[PDB]
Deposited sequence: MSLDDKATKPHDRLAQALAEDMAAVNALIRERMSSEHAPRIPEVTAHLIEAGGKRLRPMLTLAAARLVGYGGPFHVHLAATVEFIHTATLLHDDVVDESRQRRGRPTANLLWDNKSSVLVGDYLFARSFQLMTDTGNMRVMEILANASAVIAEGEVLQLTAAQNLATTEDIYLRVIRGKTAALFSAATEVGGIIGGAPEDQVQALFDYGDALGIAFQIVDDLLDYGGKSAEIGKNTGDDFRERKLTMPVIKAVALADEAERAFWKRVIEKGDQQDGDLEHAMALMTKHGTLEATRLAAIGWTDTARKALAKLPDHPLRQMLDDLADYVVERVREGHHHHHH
């Protein structure tokens, strides 16, 4: 699988990323902090986000060292955002095992250590990007709160939400790899486009595969729902209004929702949009050097839609 070949190809660099994470997560006087952090990185992830920073830098010819610092920074930011989102992966969250108190404060420690780590690079431009990505994640989550169970939510808004909470960190991760590696700006832009597109595809694929039924029960406005609402008639408008905007769900509803999406072609529409975004990601890669990592990133983008091809 592509994430496995990536991990093999980046093995040396990931050992250093792991060591930097260990070094910066430390706390002499609050063990809770690395304790809480150990769990979360010890129990979760293909670690795609730090790997994308490393791969992007190596792909544009950079031999190190500061792509490792940025990859660790990216992973700390991802981890911090997860801790705050929970106030997981079929295991007790930190907020339940300790308290909301712990999710919040450990996340804060990680966010700060990530920013402190980024300064070692001396590169103002990557630091501006990663600070912005963190801001955008927080803003996207606030907008998701705002627009929740709201039928006026458009595709455009959904795209902004998903870029917010998922795509912005992927696009930042890849972009700062190109920048730290000194890539020409066409290639920096392409790397940003690749990560952005990959992040969107991942999220759309998750939302398609749900329809299992957890997003429905949560009354989530994900893409196939949004497409089905816009095309709703008089009766279909009432069915969405009831089960999404009012939460009154009964047996048969999930199947009816799936029946309406199929009727309006919006599950296939969502699936092809996801494929579409993987195509857009792969297209951006054609601007990058012909390096074995480029093929691995091409494969990774294909892999995103492997279950739905």
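> Wait, which stretches of the deposited chain are just not there in the structure?
Going by the record, the segments left unmodelled (no C-alpha atoms) fall at 1 to 8, 96 to 101, 226 to 235, 334 to 341.
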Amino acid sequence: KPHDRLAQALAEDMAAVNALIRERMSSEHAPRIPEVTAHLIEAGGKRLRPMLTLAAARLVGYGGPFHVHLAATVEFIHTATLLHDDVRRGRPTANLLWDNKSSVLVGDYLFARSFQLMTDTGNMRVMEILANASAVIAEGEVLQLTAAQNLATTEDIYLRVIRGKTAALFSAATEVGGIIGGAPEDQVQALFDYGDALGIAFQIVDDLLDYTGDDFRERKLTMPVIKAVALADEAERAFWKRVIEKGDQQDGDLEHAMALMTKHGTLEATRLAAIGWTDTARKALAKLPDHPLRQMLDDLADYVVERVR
From here on, numbers count along this sequence of modelled residues.
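> Should the higher mean CA B-factor in the entry be assigned to 60 to 68 or to 248 to 256?
Taking the mean C-alpha B-factor of 60 to 68 and of 248 to 256, the larger value falls to 248 to 256.
> Pick between 152 to 160 and 232 to 240: the one whose mean CA B-factor in the entry is higher.
According to the entry, 232 to 240 carries the higher average C-alpha B-factor.
> Just grab whichever of 125, 165, 220, 84 has the top CA B-factor as deposited.
Answer for 125, 165, 220, 84: 220, with the highest C-alpha B-factor.
> Tell me which of 97, 112, 131, 204 tops the list for C-alpha B factor in the record.
Among 97, 112, 131, 204, the highest C-alpha B-factor in the entry belongs to 97.
> Could you say whether, by C-alpha temperature factor, residue 273 belongs to the lowest, middle or highest third of its chain?
Ranked within chain, residue 273 CA B lands in the middle tercile.
> Ranked by Cα temperature factor within the chain, is residue 196 in the lowest third, the middle third or the highest third?
Bottom third by C-alpha B-factor.
> Looking at the C-alpha B-factor of residue 214, is it in the lowest, middle or highest third of its chain?
CA B-factor rank for residue 214: highest third.
> Ordered by C-alpha B-factor within the chain, which third holds residue 53? Give me lowest, middle or highest, please.
Its C-alpha B-factor belongs to the lowest third of this chain's values.
> What third of its chain, lowest, middle or highest, does the C-alpha temperature factor of residue 103 fall into?
Within its chain, residue 103 is a middle-third residue by C-alpha B-factor, going by the deposited values.
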